[PDB]
């Protein structure tokens, strides 16, 4: 009777006679080739769900054949069948705890679902077994952030930083010893560098990594000074100025600014250490501004923000906003308005997000006449918020027009 399998499968190669497999399955489902082929066939006929189904049940008779369960998993995943994918993957990993694609996708799906721990175990294991992959680091860091565990997330990057430092020092020491020792002779030591490149194979620590680190430091909001110091240090290891230790002992944030010219130890340096990159990317400077703002150091923060004017506006309109908001949150309105106002130039930024805080800023300054405007613009584009109406209502009260104020409140209380 089994022959009917073979007779069919070969003769079903072309067309719908394949759906006569469905007669072969009825007598006994336990045969694999039937389901597997049925899946192979549905995969070809175009219909995906029936296929995925066939493959799933197919998978269940060769339990521990995880190379198949993986396929079922990814297929289920692409079909937006999450729990199926997670389940199949989970078994694939239960059987083979060293399939990183599966663990990755599964952990991503866990991250999606909300089971952050289950994802975190995976990403931990993944990073552990592959510390030279930036995306894994990013994701694991993000997970650590979502877990209110920023410290680990920061240590994660500081490790990479220190690794880069070690690498640099190793290279320099190597070529130094080689060069100096050689120069005593005429030749040059046959020294191995692949050993150097391997033994010190860190993830490259560039400005992006530092920006991420900065963001992580902002998200921390605890002992921001140490953060700023670290940012400056790493930013100073970049630009190859780590030799300059004294910058660690100045709070002025004098470096990365012209003020450095007024420093005593600086002027004493050789022009070789000078003429080096002292300028940082704006993406980081702003964050230093914010991190400075966190410490009620408005002066430096503003000195950092003031560098936004020099940059081409459109390329950093996103940062003006952040800078503007942080100032409102910092009860610094007179300064916030200066960074809110330029956004009005671009149409895309004419939204409530910019109109509320502006209005509040002008409200708090006791220049209500101009706050009224933006509150009206905020409500206009677009309705509605209770609090905004109440704010505008403040404006009307403090404008000695409580009648209107009240009528507004009573107008909005209804809906």
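Residue numbers count along the first chain shown, from 1.
*Asks:* From residue 186 on to residue 187, does the model leave out none, 1 to 3, 4 to 9, or 10 or more residues of the deposited sequence?
*Replies:* Gap between residue 186 and residue 187: 10 or more residues without coordinates.
*Asks:* Regarding 174 to 182 and 213 to 221, which shows the higher C-alpha temperature factor on average in the entry?
*Replies:* Of 213 to 221 and 174 to 182, the stretch with the higher C-alpha B-factor average is 174 to 182.
*Asks:* Tell me which of 229 to 237 and 309 to 317 has the higher mean C-alpha B-factor in the deposited entry.
*Replies:* The recorded data point to 309 to 317.
*Asks:* Can you tell me which of 281, 114, 131, 97 has the maximum CA B-factor listed in the PDB entry?
*Replies:* Comparing C-alpha B-factors across 281, 114, 131, 97, the maximum falls on 97.
*Asks:* Going by the recorded CA B-factors, say which third of the chain residue 301 sits in, lowest, middle or highest.
*Replies:* CA B-factor rank for residue 301: lowest third.
*Asks:* Hey, what third does residue 334 fall into on Cα B-factor, ranked over its chain?
*Replies:* Tercile = middle for this residue's CA B-factor.
*Asks:* Is residue 154 in the lowest, middle or highest third of its chain when residues are ranked by C-alpha B-factor?
*Replies:* For residue 154, the deposited C-alpha B-factor lands in the lowest third.
*Asks:* Taking only the Cα B-factors deposited for this chain, tell me whether residue 250 sits in the lowest, middle or highest third.
*Replies:* Ranked within chain, residue 250 CA B lands in the middle tercile.
*Asks:* Is residue 268 in the lowest, middle or highest third of its chain when residues are ranked by C-alpha B-factor?
*Replies:* Highest third, going by the recorded CA B-factors of the chain.
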